[PDB]
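> pasting an experimental structure with its sequence.
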Amino acid sequence: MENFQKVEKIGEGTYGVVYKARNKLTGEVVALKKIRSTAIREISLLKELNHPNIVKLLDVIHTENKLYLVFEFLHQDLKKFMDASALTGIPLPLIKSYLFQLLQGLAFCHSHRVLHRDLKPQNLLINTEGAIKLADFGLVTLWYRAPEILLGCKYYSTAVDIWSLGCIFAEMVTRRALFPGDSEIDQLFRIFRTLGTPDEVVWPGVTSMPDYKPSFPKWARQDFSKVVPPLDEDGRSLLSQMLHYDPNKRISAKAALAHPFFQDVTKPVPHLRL
Ligand SMILES: CC(C)c1cnc(Nc2ccc(S(N)(=O)=O)cc2)s1
């Protein structure tokens with residue numbers, strides 16, 4: 001840690017504080033995440049998980065019970081790009097590129113039995129060359145949380161990351177968050193008002209989950225034509241399969257890569273002001 005000089009504070013999360021820093025031996029610019037056993041073991045297995053659409057973990061430094069993670073540095077996150085793109089909107093061929101790349105990253109991690117668990121725009125990082133990357137994997141916001149987690153399930157699957165990415169796809173298209181809940185119950189009821197209250201017809205087993213109550217209000221489903229209007233029929237069809245209630249029926253990352261929405265995918269470059 002005597003090897004690194006802090007340049008500036010980037011920002012914060014639940015776990016820690018992030019700084020831009022410079023390595024005095026290599027000259028290199030990096031990102032440094034500061035946190036105040038089995039944990040060390042599992043974090044260290046991530047040093048071995050390398051893919052062009054995952055932010056690289058360079059090292060783990062454990063000194064005096066403080067833990068520091070050293071990452072490759074990118075110049076902007078997706079939340080800042082969306083805010084700056086607000087009056088014009090992100091062009092459709094760039095939205096489609098970013099979605100395709102993120103599904104490549106997920107298909108890779110899910111084949112090694114690794115889950116992200118906290119996907120949101122602040123955890124997605126971009127560069128000037130047109131790439132987008134998954135960042136800062138989990139071992140605060142409720143807006144991107146899957147319904148099986150909110151209903152109390154303890155042994156949830158890779159399917160929770162597909163739900164989150166669907167919520168993010170809709171947000172890029174409309175320029176507003178899809179389900180902006182402000183407590184656990186408000187998050188759940190916001191999903192139910194849009195997609196309909198789930199029952200045994202659409203999700204076998206749902207009434208037996210730990211936090212399910214027979215007194216939930218009964219709301220009717222709405223058409224996806226009203227949920228994401230500017231999107232074509234191929235894109236609406238894919239989004240609908242990423243937001244199915246039953247996690248066994250929800251589309252996998254590998255299957256989604258084969259959907260007809262990606263028949264004409266390209267790689268455009270963004271306009272960034274750094
Ligand atoms: C910790 C790690 C995953 C990061 C790597 N590179 C980072 N860079 C970074 C740059 C700019 C912005 S922001 N909010 O757009 O000004 C946010 C993050 S964070």
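Good, I have the coordinates. Numbers count the residues shown, from 1 in each chain.
> use CA for all of it now, contacts and neighbours both
Noted.
> can you pull the buried residues of stretch 80-100?
Using 16 or more other Cα atoms under 10 Å as the test for burial, stretch 80-100 gives 81-82, 85, 90, 94, 96-100.
> out of those residues, which touch the ligand?
Among those, no residue sits close to the ligand (Cα under 6 Å from any ligand atom).
> any buried residues in stretch 197-211, and which?
Quick answer for stretch 197-211 (16+ other Cα under 10 Å): 197-198, 206.
> is it correct that residue 110 is in contact with residue 158?
Yes - counting by Cα atoms under 8 Å, residue 158 is a contact partner of residue 110 at 6.5 Å.
> residue 194: neighbour count?
Neighbourhood size, residue 194 [other Cα atoms under 10 Å]: 18.
> what sits against it?
Neighbouring residues of residue 194 by Cα atoms under 8 Å, 6 or more residues apart in numbering: 220-222, 227.
> and what of residue 75?
Taking Cα under 8 Å, 6+ apart as the contact definition, residue 75 lies against 125-127, 274.
> how near is it to the ligand?
The gap separating residue 75 from the ligand is 4 Å, by Cα to the nearest ligand atom, to the nearest Å.
> kindly report the same for residue 33.
Distance from residue 33 to the ligand, by Cα to the nearest ligand atom: 6 Å.
> then residue 212?
As judged by Cα to the nearest ligand atom, residue 212 and the ligand stand 35 Å apart.
> likewise for residue 169?
18 Å.
> does that residue touch residue 100 like I think?
No - applying Cα under 8 Å, one finds residue 169 not in contact with residue 100, separated by 10.8 Å.
> dump stretch 131-142 to PDB, restricted to CA.
C-alpha atoms of stretch 131-142 as PDB (Å, rounded to 0.1, in the frame of the first residue of the first chain):
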ATOM      1  CA  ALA A 131     -16.800  -1.900 -24.500                       C
ATOM      2  CA  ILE A 132     -18.900  -2.400 -21.300                       C
ATOM      3  CA  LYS A 133     -17.900  -4.500 -18.300                       C
ATOM      4  CA  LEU A 134     -19.400  -6.100 -15.100                       C
ATOM      5  CA  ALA A 135     -17.900  -4.600 -12.000                       C
ATOM      6  CA  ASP A 136     -17.400  -5.300  -8.200                       C
ATOM      7  CA  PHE A 137     -19.000  -8.700  -7.700                       C
ATOM      8  CA  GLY A 138     -20.900  -9.300  -4.400                       C
ATOM      9  CA  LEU A 139     -20.200 -12.200  -2.100                       C
ATOM     10  CA  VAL A 140     -28.900   0.600  -0.600                       C
ATOM     11  CA  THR A 141     -31.000  -0.100  -3.700                       C
ATOM     12  CA  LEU A 142     -33.900  -2.600  -4.000                       C
END
